[PDB]
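One structure is given here, and the rest of the page talks about it.
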Amino acid sequence: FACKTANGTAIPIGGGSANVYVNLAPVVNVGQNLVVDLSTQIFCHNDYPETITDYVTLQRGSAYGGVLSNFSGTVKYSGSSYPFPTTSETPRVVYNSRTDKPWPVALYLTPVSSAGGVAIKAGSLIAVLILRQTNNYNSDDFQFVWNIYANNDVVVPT
Ligand SMILES: O=[N+]([O-])c1ccc2c(ccn2-c2ccc(O[C@H]3O[C@H](CO)[C@@H](O)[C@H](O)[C@@H]3O)cc2)c1
């Protein structure tokens with residue numbers, strides 16, 4: 001089991017950490033959601049699906065910078081939503097193919113009532129998402145740590 005990113009970096013067997021750079025909607029209104037879709041950013045596969053089934057969770061999602069200060073919301077993992085920043089580990093998604101498969105995570109972030117002007121700064125860290133991988137074969141339990149950076153400013157109109 002290993003993963004790769006839309007920025008051309010990787011995390012091999014055994015886990016590790018990578019950076020992800022996301023283009024964000026430039027304007028988000030109070031009462032609306034900023035969508036941060038990681039399924040177009042992070043892709044993983046199973047290295048021996050003939051005999052092994054891989055299990056993958058979002059172990060913890062943490063907010064930083066302008067997301068931490070100016071937004072609330074949810075994380076959608078494989079069709080179900082949970083609070084973000086996270087308060088538990090999600091259920092598992094099965095990886096059962098060598099073919100790249102997106103990691104089905106997206107953040108839905110809404111501005112807090114006090115937000116206005118530049119709410120997320122270009123280049124800044126917005127989230128850290130920990131992917132936990134196990135299997136039905138051995139006792140491997142690996143963390144793939146994804147540091148999510150904004151590529152651009154996000155403005156919340158007054
Ligand atoms: O039954 N056999 O004959 C048999 C069984 C296993 C075999 C082979 C040949 C290679 N392997 C093998 C390949 C990869 C492997 O672990 C990595 O990939 C797993 C699947 O993605 C993942 O769960 C692990 O955490 C680790 O990332 C573990 C074993 C033959």
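Residues are named by chain letter and number: chains run A, B, ... in the order of the structure tokens, numbers start at 1 in each chain, and ligands are numbered from 1 in the order shown.
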Every residue of stretch 8-142 of chain A that DSSP places in helix (DSSP H, G or I), as a PDB file with N, CA and C atoms, in the first residue's frame:
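Writing the result to states.pdb gives the following:
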```
ATOM      1  N   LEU A  38     -10.041  16.534  -1.426  1.00  0.00           N
ATOM      2  CA  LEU A  38      -8.758  15.860  -1.492  1.00  0.00           C
ATOM      3  C   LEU A  38      -8.773  14.664  -2.420  1.00  0.00           C
ATOM      4  N   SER A  39      -9.941  14.295  -2.938  1.00  0.00           N
ATOM      5  CA  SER A  39      -9.999  13.159  -3.853  1.00  0.00           C
ATOM      6  C   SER A  39      -9.348  13.453  -5.205  1.00  0.00           C
ATOM      7  N   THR A  40      -9.100  14.723  -5.500  1.00  0.00           N
ATOM      8  CA  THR A  40      -8.346  15.116  -6.691  1.00  0.00           C
ATOM      9  C   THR A  40      -6.875  15.384  -6.362  1.00  0.00           C
ATOM     10  N   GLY A  65      -4.234  27.697  10.939  1.00  0.00           N
ATOM     11  CA  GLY A  65      -4.232  29.007  10.316  1.00  0.00           C
ATOM     12  C   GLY A  65      -5.615  29.586  10.202  1.00  0.00           C
ATOM     13  N   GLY A  66      -5.937  30.085   9.014  1.00  0.00           N
ATOM     14  CA  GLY A  66      -7.212  30.724   8.798  1.00  0.00           C
ATOM     15  C   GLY A  66      -8.397  29.786   8.865  1.00  0.00           C
ATOM     16  N   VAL A  67      -8.198  28.512   8.566  1.00  0.00           N
ATOM     17  CA  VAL A  67      -9.289  27.559   8.743  1.00  0.00           C
ATOM     18  C   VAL A  67      -9.607  27.412  10.229  1.00  0.00           C
ATOM     19  N   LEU A  68      -8.572  27.237  11.034  1.00  0.00           N
ATOM     20  CA  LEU A  68      -8.755  27.134  12.474  1.00  0.00           C
ATOM     21  C   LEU A  68      -9.426  28.374  13.054  1.00  0.00           C
ATOM     22  N   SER A  69      -9.017  29.554  12.615  1.00  0.00           N
ATOM     23  CA  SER A  69      -9.548  30.755  13.226  1.00  0.00           C
ATOM     24  C   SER A  69     -10.890  31.210  12.665  1.00  0.00           C
ATOM     25  N   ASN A  70     -11.161  30.939  11.394  1.00  0.00           N
ATOM     26  CA  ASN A  70     -12.268  31.610  10.706  1.00  0.00           C
ATOM     27  C   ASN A  70     -13.363  30.709  10.167  1.00  0.00           C
TER      28      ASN A  70
END
```
### Message
With only C-alpha atoms as the counted atoms, please give the residues lying no more than 8 Å from stretch 76-82 of chain A, apart from itself and same-chain residues fewer than 5 positions off, as a PyMOL selection string.
### Response
chain A and resi 58+90+93+104-108
### Message
Please return as a ChimeraX atom specification the residues found within 9 Å of ligand 1, counting only C-alpha atoms and all ligand atoms.
### Response
/A:1-2,12-15,45-55,95-98,133-142
Next, write the just-selected residues to a file, as a tab-separated table (two decimals), in the first residue's frame, keeping N, CA, C and O atoms as the atom set.
```
chain	number	residue	atom	x	y	z
A	1	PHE	N	0.87	-1.20	0.00
A	1	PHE	CA	0.00	0.00	0.00
A	1	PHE	C	0.89	1.24	0.00
A	1	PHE	O	1.77	1.37	0.84
A	2	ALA	N	0.64	2.14	-0.95
A	2	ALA	CA	1.38	3.39	-1.04
A	2	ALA	C	0.49	4.42	-1.72
A	2	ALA	O	-0.53	4.07	-2.32
A	12	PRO	N	5.72	6.12	0.43
A	12	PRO	CA	5.86	4.69	0.13
A	12	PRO	C	5.20	3.82	1.19
A	12	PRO	O	4.67	4.28	2.21
A	13	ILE	N	5.32	2.52	0.95
A	13	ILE	CA	5.00	1.50	1.95
A	13	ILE	C	5.56	1.94	3.29
A	13	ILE	O	6.72	2.37	3.38
A	14	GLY	N	4.74	1.81	4.32
A	14	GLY	CA	5.17	2.12	5.67
A	14	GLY	C	4.76	3.49	6.14
A	14	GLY	O	4.93	3.81	7.33
A	15	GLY	N	4.25	4.33	5.25
A	15	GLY	CA	3.80	5.64	5.64
A	15	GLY	C	4.90	6.68	5.69
A	15	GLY	O	6.02	6.47	5.23
A	45	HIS	N	-3.04	2.90	-3.60
A	45	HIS	CA	-3.34	1.60	-4.17
A	45	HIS	C	-2.83	0.52	-3.24
A	45	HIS	O	-2.00	0.75	-2.37
A	46	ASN	N	-3.33	-0.68	-3.48
A	46	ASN	CA	-2.95	-1.93	-2.81
A	46	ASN	C	-1.88	-2.63	-3.66
A	46	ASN	O	-2.02	-2.75	-4.89
A	47	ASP	N	-0.76	-3.00	-3.02
A	47	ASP	CA	0.36	-3.60	-3.73
A	47	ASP	C	0.28	-5.12	-3.93
A	47	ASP	O	1.12	-5.67	-4.63
A	48	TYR	N	-0.69	-5.79	-3.31
A	48	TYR	CA	-0.81	-7.23	-3.51
A	48	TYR	C	-2.25	-7.65	-3.31
A	48	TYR	O	-2.58	-8.42	-2.41
A	49	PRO	N	-3.14	-7.19	-4.20
A	49	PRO	CA	-4.58	-7.38	-3.96
A	49	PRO	C	-5.04	-8.81	-4.20
A	49	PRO	O	-6.16	-9.16	-3.85
A	50	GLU	N	-4.16	-9.63	-4.78
A	50	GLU	CA	-4.44	-11.04	-4.99
A	50	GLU	C	-4.77	-11.72	-3.70
A	50	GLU	O	-5.61	-12.62	-3.67
A	51	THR	N	-4.07	-11.33	-2.63
A	51	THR	CA	-4.25	-11.96	-1.32
A	51	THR	C	-4.54	-11.02	-0.17
A	51	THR	O	-5.03	-11.47	0.87
A	52	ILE	N	-4.23	-9.74	-0.32
A	52	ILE	CA	-4.35	-8.81	0.80
A	52	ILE	C	-5.44	-7.80	0.53
A	52	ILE	O	-5.56	-7.28	-0.59
A	53	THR	N	-6.23	-7.53	1.57
A	53	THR	CA	-7.17	-6.41	1.54
A	53	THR	C	-6.66	-5.31	2.46
A	53	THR	O	-6.30	-5.59	3.61
A	54	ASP	N	-6.56	-4.09	1.94
A	54	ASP	CA	-6.13	-2.92	2.71
A	54	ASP	C	-7.34	-2.15	3.22
A	54	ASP	O	-8.36	-1.99	2.51
A	55	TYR	N	-7.21	-1.64	4.44
A	55	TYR	CA	-8.25	-0.86	5.11
A	55	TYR	C	-7.69	0.51	5.43
A	55	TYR	O	-6.61	0.62	6.00
A	95	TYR	N	-9.25	-0.83	0.01
A	95	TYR	CA	-8.43	-0.72	-1.20
A	95	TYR	C	-8.08	-2.15	-1.60
A	95	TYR	O	-7.45	-2.90	-0.83
A	96	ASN	N	-8.50	-2.53	-2.81
A	96	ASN	CA	-8.44	-3.92	-3.25
A	96	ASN	C	-7.98	-4.03	-4.71
A	96	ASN	O	-8.25	-5.01	-5.37
A	97	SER	N	-7.23	-3.04	-5.18
A	97	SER	CA	-6.73	-3.00	-6.54
A	97	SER	C	-5.39	-2.33	-6.58
A	97	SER	O	-5.11	-1.42	-5.79
A	98	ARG	N	-4.53	-2.75	-7.52
A	98	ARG	CA	-3.29	-2.02	-7.79
A	98	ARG	C	-3.56	-0.69	-8.48
A	98	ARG	O	-2.71	0.20	-8.45
A	133	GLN	N	-3.61	3.16	7.61
A	133	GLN	CA	-3.71	1.97	6.79
A	133	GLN	C	-3.34	0.72	7.57
A	133	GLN	O	-2.27	0.62	8.17
A	134	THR	N	-4.25	-0.24	7.52
A	134	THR	CA	-4.08	-1.58	8.05
A	134	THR	C	-4.47	-2.59	6.96
A	134	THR	O	-4.75	-2.19	5.82
A	135	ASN	N	-4.50	-3.87	7.29
A	135	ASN	CA	-4.87	-4.88	6.31
A	135	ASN	C	-5.41	-6.13	7.02
A	135	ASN	O	-5.54	-6.13	8.26
A	136	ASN	N	-5.76	-7.14	6.23
A	136	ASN	CA	-6.22	-8.42	6.76
A	136	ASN	C	-5.18	-9.52	6.70
A	136	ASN	O	-5.52	-10.68	6.72
A	137	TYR	N	-3.92	-9.13	6.65
A	137	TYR	CA	-2.83	-10.03	6.34
A	137	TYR	C	-1.78	-10.13	7.45
A	137	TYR	O	-1.34	-11.23	7.77
A	138	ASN	N	-1.36	-8.98	7.98
A	138	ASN	CA	-0.35	-8.87	9.01
A	138	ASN	C	-0.75	-7.78	10.00
A	138	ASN	O	-1.91	-7.35	10.01
A	139	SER	N	0.17	-7.32	10.83
A	139	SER	CA	-0.18	-6.34	11.84
A	139	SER	C	0.24	-4.91	11.44
A	139	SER	O	0.25	-4.02	12.29
A	140	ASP	N	0.54	-4.67	10.17
A	140	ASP	CA	0.90	-3.32	9.75
A	140	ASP	C	-0.18	-2.32	10.16
A	140	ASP	O	-1.37	-2.54	9.98
A	141	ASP	N	0.28	-1.17	10.63
A	141	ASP	CA	-0.60	-0.08	11.03
A	141	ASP	C	0.17	1.21	10.81
A	141	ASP	O	0.98	1.63	11.65
A	142	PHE	N	-0.03	1.81	9.65
A	142	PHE	CA	0.81	2.88	9.17
A	142	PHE	C	0.04	4.18	9.02
A	142	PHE	O	-1.13	4.19	8.64
```
### Task
Please give the complete set of residues from stretch 47-129 of chain A that DSSP, run on the backbone, assigns to strand (DSSP E), formatted as number ranges by chain.
A: 54-63, 71-77, 80-84, 93-95, 101-102, 105-111, 117-120, 125-129
### Summary
In Å and to one decimal, atom CA of residue A:110 is distant from atom CA of residue A:145 by 24.0 Å
### Query
Using only C-alpha atoms, which of A:42, A:30, A:36, A:24 sits nearest residue A:8?
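When distances to residue A:8 are compared using only C-alpha atoms, the smallest one comes from A:42.
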### Task
Kindly give the distance, in Å, that separates atom CA of residue A:72 and atom CA of residue A:35, rounded to a single decimal.
12.0 Å
#### Entry: Which residue of A:116, A:16, A:111, A:123 approaches residue A:151 most closely, using only C-alpha atoms
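Nearest to residue A:151: A:123.
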### Query
Neighbours of residue A:158 within 12 Å (only C-alpha atoms; same-chain residues fewer than 5 positions away dropped), as an MDAnalysis selection string?
chainID A and resid 27:30 111 113:119
Any chance you could export the current selection's N, CA, C and O atoms as a PDB file, in the first residue's frame?
```
ATOM      1  N   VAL A  27     -13.612  33.227  -3.288  1.00  0.00           N
ATOM      2  CA  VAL A  27     -14.626  33.895  -2.487  1.00  0.00           C
ATOM      3  C   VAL A  27     -15.544  32.863  -1.882  1.00  0.00           C
ATOM      4  O   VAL A  27     -16.042  31.993  -2.605  1.00  0.00           O
ATOM      5  N   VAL A  28     -15.791  32.983  -0.579  1.00  0.00           N
ATOM      6  CA  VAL A  28     -16.780  32.159   0.104  1.00  0.00           C
ATOM      7  C   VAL A  28     -17.602  33.059   0.994  1.00  0.00           C
ATOM      8  O   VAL A  28     -17.070  33.832   1.773  1.00  0.00           O
ATOM      9  N   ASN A  29     -18.917  32.961   0.858  1.00  0.00           N
ATOM     10  CA  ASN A  29     -19.836  33.805   1.610  1.00  0.00           C
ATOM     11  C   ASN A  29     -20.187  33.194   2.970  1.00  0.00           C
ATOM     12  O   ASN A  29     -20.241  31.964   3.097  1.00  0.00           O
ATOM     13  N   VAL A  30     -20.438  34.028   3.983  1.00  0.00           N
ATOM     14  CA  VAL A  30     -21.067  33.514   5.187  1.00  0.00           C
ATOM     15  C   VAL A  30     -22.304  32.715   4.768  1.00  0.00           C
ATOM     16  O   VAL A  30     -23.007  33.055   3.818  1.00  0.00           O
ATOM     17  N   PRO A 111     -17.638  29.971   6.848  1.00  0.00           N
ATOM     18  CA  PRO A 111     -17.030  31.038   7.658  1.00  0.00           C
ATOM     19  C   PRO A 111     -17.787  31.323   8.953  1.00  0.00           C
ATOM     20  O   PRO A 111     -19.030  31.354   8.970  1.00  0.00           O
ATOM     21  N   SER A 113     -19.048  33.669  12.090  1.00  0.00           N
ATOM     22  CA  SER A 113     -19.811  34.902  11.909  1.00  0.00           C
ATOM     23  C   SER A 113     -18.904  36.140  11.895  1.00  0.00           C
ATOM     24  O   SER A 113     -19.232  37.156  11.270  1.00  0.00           O
ATOM     25  N   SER A 114     -17.753  36.035  12.558  1.00  0.00           N
ATOM     26  CA  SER A 114     -16.807  37.148  12.679  1.00  0.00           C
ATOM     27  C   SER A 114     -15.847  37.291  11.484  1.00  0.00           C
ATOM     28  O   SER A 114     -15.096  38.268  11.401  1.00  0.00           O
ATOM     29  N   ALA A 115     -15.872  36.330  10.559  1.00  0.00           N
ATOM     30  CA  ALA A 115     -14.909  36.313   9.449  1.00  0.00           C
ATOM     31  C   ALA A 115     -15.190  37.417   8.425  1.00  0.00           C
ATOM     32  O   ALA A 115     -16.328  37.814   8.233  1.00  0.00           O
ATOM     33  N   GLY A 116     -14.136  37.917   7.792  1.00  0.00           N
ATOM     34  CA  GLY A 116     -14.256  38.950   6.759  1.00  0.00           C
ATOM     35  C   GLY A 116     -12.904  39.335   6.172  1.00  0.00           C
ATOM     36  O   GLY A 116     -11.894  39.271   6.886  1.00  0.00           O
ATOM     37  N   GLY A 117     -12.859  39.721   4.890  1.00  0.00           N
ATOM     38  CA  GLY A 117     -11.590  40.006   4.225  1.00  0.00           C
ATOM     39  C   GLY A 117     -10.888  38.697   3.917  1.00  0.00           C
ATOM     40  O   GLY A 117     -11.542  37.685   3.746  1.00  0.00           O
ATOM     41  N   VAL A 118      -9.556  38.728   3.892  1.00  0.00           N
ATOM     42  CA  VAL A 118      -8.780  37.532   3.619  1.00  0.00           C
ATOM     43  C   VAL A 118      -8.842  36.634   4.838  1.00  0.00           C
ATOM     44  O   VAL A 118      -8.301  36.945   5.894  1.00  0.00           O
ATOM     45  N   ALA A 119      -9.498  35.502   4.675  1.00  0.00           N
ATOM     46  CA  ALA A 119      -9.757  34.555   5.732  1.00  0.00           C
ATOM     47  C   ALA A 119      -8.788  33.375   5.717  1.00  0.00           C
ATOM     48  O   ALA A 119      -8.594  32.741   6.745  1.00  0.00           O
TER      49      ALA A 119
END
```
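Pairwise distance (atom CA of residue A:128, atom CA of residue A:63) equals 6.7 Å.
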### Task
Using only C-alpha atoms, pick whichever of A:83, A:102, A:157, A:91 has the shortest atom-to-atom distance to residue A:41.
A:102
